[PDB]
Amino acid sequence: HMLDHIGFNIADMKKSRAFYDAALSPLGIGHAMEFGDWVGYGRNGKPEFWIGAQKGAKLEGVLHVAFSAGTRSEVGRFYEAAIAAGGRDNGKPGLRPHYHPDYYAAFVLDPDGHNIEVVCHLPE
């Protein structure tokens, strides 16, 4: 994999932490680490996804982040949990064959409007 980690600031840590806690839980993802004023999500102690809430530093415009799912069931569970936590629909779980024949994904906007996806690339 070419991506090691990413990080960005959001408006409100309480709100964003709650969203990502709920959204990423079905992927077996939790707080891999909390370094200073950042919260790092990851699996098996390896953080890859960092959010911060530095005053005035929040990202503006839409960032797209896609997380990897091992199963289509995980895609669906991410979606349900993210919506329930206040995420806004940006595309229901389903095949996206215009990308490739086995691309199965769902899209939810986070509290700052970022386009958060979970995708499985495998046939089932």
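Residue numbers here begin at 1 and follow the sequence given.
Between 95-103 and 38-46, the higher mean Cα B-factor belongs to 38-46. When 11-19 is weighed against 108-116, 11-19 comes out higher, by mean CA B-factor as recorded in the entry. Annotation for 54, 71, 68, 90: 54 ranks highest, by Cα B-factor.
Ranked against the other modelled residues of its chain, the C-alpha B-factor of residue 27 as given in the entry falls in the highest third.
Residue-level temperature factors show residue 2 in the highest third of its chain, judged at the C-alpha atom. Compared with the other modelled residues of the chain, the Cα B-factor recorded for residue 63 ranks in the lowest third. In the PDB entry, a CA B factor belonging to the lowest third of its chain's modelled residues is recorded for residue 75.
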